[PDB]
Amino acid sequence: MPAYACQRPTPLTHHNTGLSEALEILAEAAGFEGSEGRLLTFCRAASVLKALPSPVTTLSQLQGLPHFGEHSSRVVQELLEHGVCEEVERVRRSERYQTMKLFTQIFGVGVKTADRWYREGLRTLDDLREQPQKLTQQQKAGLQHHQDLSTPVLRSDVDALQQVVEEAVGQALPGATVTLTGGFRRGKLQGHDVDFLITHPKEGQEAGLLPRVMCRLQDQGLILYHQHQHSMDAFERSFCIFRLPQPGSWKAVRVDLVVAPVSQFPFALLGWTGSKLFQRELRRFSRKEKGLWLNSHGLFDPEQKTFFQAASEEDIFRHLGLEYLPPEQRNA
DNA sequence: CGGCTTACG
DNA sequence: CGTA
DNA sequence: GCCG
Ligand SMILES: [Cl-]
Ligand SMILES: [K+]
């Protein structure tokens, strides 16, 4: 089993959910305590289990797997022997973990913000609503719409959303296209947000497109929160909150809109499709194993000072020496 | 031992 | 810092 | 926490 998540297919459905979820609890807790290295190892170990074809039943099966060492093997060992791991259970029942998970699940709140609020004695969402001076406008929106934003987004919502996004994009720029990315492109049936990638076949036509799209959406009354203020002034990404029509009502939905020039489209498609761990492992592999710098704009050779002109995601995998993984196999 | 994705708002 |  |  190879060491990078971008070297192995990881499907939606896998066989070690109980073991994976426990390691991901420890990964989350490591992040809450500011140990980004420990988070990564626990996430990578959990990902290794997701790629296995069969359930792990004996400790010997962990031999030869990357990212498994004394600590992660002890966690699996306890789960195999007793069905629970005492370290994991102590974490999930701890007030620190429950409060940090509660606060970091708010749109606009990360680990450092949640940790500050925790040290100040805050424990519940109502504690936050009673301290509005501690909140950015972004966090006020995440708190105001928290119940809706914690409701899982379904495929039915995605199709309705893509319709209204395509309408606004079409009114903003003839011939522009809209591509669903993110978890739903990977085959997930639920999500916490919906990601769309927007481009135009003619390079340059997409300049200034996202503000025109956001204005069309605001005019349809569809935007509840938007981070940029528009009638640097230009922007190409918007992580907004939509007022999605429902039968006789509406529901707030997190939506990401990204504009990219068509020359960068395969890199943008690869980037925004995820998963998050897949992307980190792919970019790490690119830099550390191939000496190339990858992001959502391109693939840069710092020695030749040139960008690789890709026409497809397959082109990028091939240039990196990787077997192609379709999006449904990028669920690391 | 040091590294751990890499951008934009 | 937050977003992905 | 684990790898290079
Ligand atoms: Cl990027
Ligand atoms: K958050």
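A, B, ... follow the sequence lines: proteins, then strands. Residue 1 opens every chain. Values below: all heavy atoms of this structure, side chains included; hydrogens, waters and symmetry mates excluded.
- The closest side-chain heavy-atom distance from A/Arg330 to A/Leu270 is below 4.5 Å.
- Between A/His192 and the phosphate of C/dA4, there is a side-chain N or O to OP1/OP2 separation shorter than 4.0 Å.
- Atom CD of A/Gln139 is separated from atom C1' of C/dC1 by 9 Å (rounded to the nearest Å).
- Across all strands shown, A/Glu36 has no heavy atoms under 4.0 Å from either base or sugar-phosphate atoms.
- Spacing between B/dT5 and D/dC3 at atom P, rounded to whole Å, works out to 16 Å.
- Between A/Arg287 and B/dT6, a side-chain N or O to OP1/OP2 separation shorter than 4.0 Å is present.
- Between A/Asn295 and B/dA7, a side-chain N or O to OP1/OP2 separation shorter than 4.0 Å is present.
- Between A/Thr41 and D/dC3, a side-chain N or O to OP1/OP2 separation shorter than 4.0 Å is absent.
- You'll find that the side chain of A/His71 is closest to D/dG1, out of B/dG9, D/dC3, D/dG1.
- Residue contacts for A/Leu257: at a heavy-atom cut-off of 4.0 Å it reaches no nucleic acid atom on any strand shown.
- Taking a 6.0 Å sphere around NZ of A/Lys134, one finds it holds more than 12 heavy atoms contributed by other residues, nucleotides or ligands.
- Looking at the side chain of A/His228, the nearest of the listed nucleotides D/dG1, D/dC2, B/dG9 is B/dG9.
- Between A/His297 and B/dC8 there is a side-chain N or O to OP1 or OP2 distance below 4.0 Å.
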What do the steps show when you test A/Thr113 against A/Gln139 for side-chain contact (heavy atoms from CB on, under 4.5 Å), and what is the final call?
CA-CA 10 Å; A/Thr113 302; A/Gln139 293 154 355; 3.7 Å; yes

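- With a 6.0 Å cutoff to the six-membered ring centre and a 45° limit on the axis angle, A/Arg96 counts as a cation-pi contact of A/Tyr118.
- Comparing B/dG3, C/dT3, D/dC2 against the side chain of A/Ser72 picks out D/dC2 as the nearest.
- If A/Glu289 and A/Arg44 are placed on DNA chain D by their nearest nucleotide, the residue sitting closer to the 5' end is A/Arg44.
- For the pair A/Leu39 CG and D/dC2 P, the computed distance is 13 Å after rounding to whole Å.
- At the heavy-atom level, A/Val109 lies under 4.0 Å from the strands shown only through sugar-phosphate atoms.
- Between the P atom of D/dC3 and the CD atom of A/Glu281 lies a distance of 12 Å, rounded to the nearest Å.
- Nucleotide C/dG2 holds its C1' atom 13 Å from the CD1 atom of A/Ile106, rounded to whole Å.
- C/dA4 atom P lies 11 Å from atom CD1 of A/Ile241, rounded to whole Å.
- If you check every strand for non-hydrogen atoms under 4.0 Å, A/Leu282 touches nothing.
- Put simply, CZ on A/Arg254 is 14 Å from P on B/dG9, counting in whole angstrom units.
- Side-chain nitrogen and oxygen atoms of A/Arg280 include at least one within less than 4.0 Å of the OP1 or OP2 phosphate oxygen of B/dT5.
- Looking only at atom types and distance, the side chain of A/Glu206 has no donor-acceptor partner in the side chain of A/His200 under 3.5 Å away.
- In terms of heavy atoms, A/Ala22 sits closest to A/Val88 at O-CG2, 3.9 Å.
- The side chain of A/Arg284 sits closest to B/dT5 out of B/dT5, D/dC3, C/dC1.
- Residue A/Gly110 is classed as a sugar-phosphate contact, given heavy-atom separations below 4.0 Å to backbone atoms only.
- Picking from C/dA4, B/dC8, D/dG1 the nucleotide with the shortest atom distance to the side chain of A/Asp256 gives C/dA4.
- Atom CD of A/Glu33 and atom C1' of D/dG1 are 15 Å apart (whole Å).
- Judged by atom type and distance alone, A/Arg237 reaches the base of B/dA7 through a side-chain donor-acceptor pair under 3.5 Å.
- Atom CD of A/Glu24 is separated from atom P of D/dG1 by 17 Å (rounded to the nearest Å).
- Here A/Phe42 and A/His71 bring their ring centres to under 6.0 angstrom of each other.
- Distances shown here put a side-chain N or O of A/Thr113 below 4.0 Å from the OP1 or OP2 atom of C/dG2.
- Candidate nucleotides B/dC4, B/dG9, C/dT3 were compared by shortest atom distance to the side chain of A/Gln138, and C/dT3 ranks first.
- Distances from the side chain of A/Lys276 to the nucleotides D/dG4, C/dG2, B/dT5 place B/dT5 closest.
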